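# Observations on chain architecture
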Amino acid sequence: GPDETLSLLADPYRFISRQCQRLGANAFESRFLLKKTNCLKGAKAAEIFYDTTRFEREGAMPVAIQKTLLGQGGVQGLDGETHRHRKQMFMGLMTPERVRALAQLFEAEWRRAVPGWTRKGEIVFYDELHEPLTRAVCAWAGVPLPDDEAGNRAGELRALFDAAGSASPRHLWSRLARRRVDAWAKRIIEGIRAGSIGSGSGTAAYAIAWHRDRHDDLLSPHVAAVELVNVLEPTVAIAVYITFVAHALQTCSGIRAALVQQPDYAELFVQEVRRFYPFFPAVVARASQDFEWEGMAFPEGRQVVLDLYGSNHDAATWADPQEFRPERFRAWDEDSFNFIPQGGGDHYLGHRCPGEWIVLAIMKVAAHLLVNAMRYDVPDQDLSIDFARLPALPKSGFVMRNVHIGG
Ligand code: HEM
């Protein structure tokens, strides 16, 4: 076939569902870089994608992504019992009490950043989110963060995912940021192991520093560093969803009123933000053995891409996926395959994001503050979603003016 890399890069979120619409199917054979790729979309496709007897991640991860977005040696590259034992380390972090502690730290950091925002008079809301998230998640994770370094660390953490998917010299910064952040986290792990850093027994950094693998060995300091960044970086990336929260409040009538007066609405709202808005485009795996599925060949070694955005906008699952309607979540059956903004399947037995509880609790804090606490004006701007950007954002970055707080 022809190489469709540039077409994908031009339309990362929609490329797959669009061709699926053109072809009248939930899957199509394509080619990105050198490799023939099966592209899949929808609930049934996701379910076979998460079948670990048919798919592996080891031979999947494009090694320019490990130099920016993910690091080398982390949980995303693992399969089988090695993966499950590493994944359990992340899952133990996510108790309701610890998730709530992080949400509270973030609300306090949001409230502390507001006087700064007022004094600026006008802010790019997205730009302003990285630092309070960095301060909160570092504190929560037992990562010391001096006051005068937070701004810089936040910038480096942001560069890992926002300068990563960037067809620009911004890629060089992303790579330097990765080496800097990995070296920084490694010094954190080393200090914890030597006893010069007193991170608490319940914190991410402690758990990761002291984790023993299936051979009863500590992770090498660099692998532990990568796994710690796998907590810090994606927590900072919640800036994107918080920006989408403000965007929904501004562009969809009735949403604000419902949030203020209906206590159960907020949970429905944050879920619909995750379903509706583009964030993580697609996940990649490799077929581990020859099989056939719905007339399509999956030879051993075939790269397979599961389209998350398309699956989240699948009309067989949702009725009117194109509409933004939190109420749709009253009727959701909690299926692990038909709603997949951060992966599908089981958290313990597959690669599904262990960050979902944190994302939900932090988006709830955001929605609460933006309706019950924050006061702000929204000038004329281009709020349209930039579907060509990774991550996608309102083109303006959501601009606020005259910002102040209450309690
Ligand atoms: C900010 C919004 C987030 C989005 C859009 C997102 C999305 C995703 C997606 C699509 C995957 C891959 C699932 C797969 O490979 O099948 C993933 C995995 C992962 N996420 Fe997130 N996530 C977010 C937040 C978080 C947070 C807050 C954490 C903090 C702990 C986190 C930690 C991880 C880790 C460690 C993995 C790898 C898990 C594995 O391979 O088993 N993520 N996420």
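Residues numbered from 1 in each chain as written, not as in the entry; some residues may be left out. Heavy atoms only, no water.

The deposited coordinates derive from X-ray crystallography, with the record listing a resolution of 2.1700 Å.

## A look at the pattern of salt bridges
Rules: When a carboxyl oxygen of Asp or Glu is within 4 Å of a side-chain nitrogen of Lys or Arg, the pair counts as a salt bridge. Helix numbers and strand numbers start at the N terminus; a helix is a DSSP run of H or I with at least 4 residues, a strand a run of E with at least 2. Only protein chains enter the accessibility calculation, which uses a 1.4 Å probe; a residue is then buried when its area is under 20% of its type maximum, exposed when over 50%, and partly exposed in between.
Considering all chains together, one arrives at 28 salt bridges under this definition. Linking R401 and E122 is a salt bridge whose minimum nitrogen-to-oxygen distance equals 2.6 Å. Here the residue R401 occupies a position in strand 10 (residues 399-404), and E122 occupies one in strand 4 (residues 122-124), the gap between them amounting to 279 residues. Using a relative accessible area of 38% as the deciding quantity, one classes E122 as partly exposed. Linking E233 and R178 is a salt bridge whose minimum nitrogen-to-oxygen distance equals 3.1 Å. Taken together, the residues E233 in helix 10 (residues 221-236) and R178 in helix 8 (residues 170-194) connect sequence positions 55 residues apart.

## Things to note about the coordination of the iron atom of the ligand
Rules: Each metal's donors are the N, O and S atoms within 2.8 Å of it, or within 3.2 Å when it is Na, K or Ca, and because water is not part of the set, sites may look incomplete.
You will see that the iron atom of the ligand has only one donor from the protein, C353 (SG), lying 2.3 Å away. Topologically, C353 is positioned in the loop between helix 14 (308-312) and helix 15 (356-372).

## Regarding helix 2 (residues 15-23)
Every buried residue of helix 2 is accounted for by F15, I16, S17, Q19 and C20. Among the residues trailing helix 2, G24 stands out with phi positive, at a value near 65°.

## Examining the packing of aromatic side chains
To keep things clear, this is the line we draw: Whether two aromatic rings pair depends on their centres lying within 6.5 Å, for rings of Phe, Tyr and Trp, where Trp uses its six-membered ring; planes under 30 degrees apart make the pair stacked, over 60 edge-to-face, and the rest tilted. We call a charge positioned above a ring when the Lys NZ or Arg CZ atom is no farther than 6 Å from the ring centre and deviates by at most 35 degrees from the ring normal.
A complete count under the given rule lists 27 aromatic pairs for this structure. Ring geometry for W110 and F125: centres 5.7 Å apart, planes at 65°, overall edge-to-face. With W110 in helix 5 (residues 96-120) and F125 in the loop between strand 4 and helix 6 (130-141), the pair connects residues that are 15 residues apart, well separated along the chain. Of the two residues, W110 and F125, neither departs from the other in class, the shared state being buried. Site record: aromatic cluster; members linked through ring pairs are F49, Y50, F55, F291, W293 and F298. Between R54 and the ring centre of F291, over which it is positioned, the NZ or CZ distance is 5.0 Å.

## So, the nonpolar core
As a reminder of what qualifies: Residues grouped as a nonpolar core are buried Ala, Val, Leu, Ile, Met, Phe, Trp, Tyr and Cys residues, joined through side-chain atoms within 4.5 Å. We call two residues contacting when some pair of their heavy atoms lies within 4.5 Å.
Of all hydrophobic cores here, the largest spans 100 residues; its most connected members are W110, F125, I242, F269, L370 and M374. No other element matches the twelve residues that helix 15 contributes to this core. Every residue in contact with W110, bar those within four places of it in the chain, is listed here: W117, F125, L129, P132, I242, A366, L369, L370, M374 and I405. In this structure, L40, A46, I48 and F337 belong to the second largest nonpolar core, which totals 20 residues.

## Concerning the UniProt feature "binding site: heme b" (unreviewed entry) in the protein chain
The criterion, for reference: UniProt positions are given in the numbering used here, feature names are shortened, and annotations may be inferred rather than shown by experiment.
Annotation from UniProt places "binding site: heme b" (unreviewed entry) at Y50, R57, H83, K87, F280, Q342, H351 and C353. Mapped onto the elements, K87 comes out in helix 4 (residues 80-91). Not counting chain neighbours up to four residues away, the residues in contact with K87 comprise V75, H347, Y348, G350, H351, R352 and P354.

## A few points about the site of the ligand
Stated formally: What makes a residue near a molecule or strand is one non-hydrogen atom of that residue sitting within 4 Å of it. Here a polar contact is recorded for every N or O atom pair within 3.5 Å, except that within protein the pair must consist of a potential hydrogen donor and a potential acceptor, and residues adjacent in sequence are included only if both atoms are side-chain atoms. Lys, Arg, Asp and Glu make up the charged group, whereas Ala, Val, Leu, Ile, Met, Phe, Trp, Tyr, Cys and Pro make up the nonpolar group; the residues left over, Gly among them, are polar.
Near the ligand lie 28 residues; those nearest to it are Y50, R57, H83, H351 and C353. One nitrogen or oxygen atom from the side chain of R57 is found 2.5 Å from an oxygen atom belonging to the ligand. Note that an oxygen atom of the ligand is positioned 2.8 Å from one of the side-chain N or O atoms of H83. Looking at the shell around the ligand, the elements that each hand over two or more residues are helix 4, helix 10, helix 11 (238-251) and helix 15. It is helix 10 that provides the largest number of residues to the shell around the ligand, a total of four residues. Residues belonging to the shell around the ligand are distributed by class as follows: 17 nonpolar, nine polar and two charged.

## Some thoughts on the pairing of strand 1 (residues 27-32)
Test applied: Two strands pair under a simple rule: DSSP has to find at least two bridges between them.
Burial within strand 1 is extensive, with five of its six residues counted as buried. Pairing geometry for strand 1 and strand 2 (residues 35-41), over six bridges, is antiparallel. Counterpart to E29 in the pairing with strand 2 is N38.

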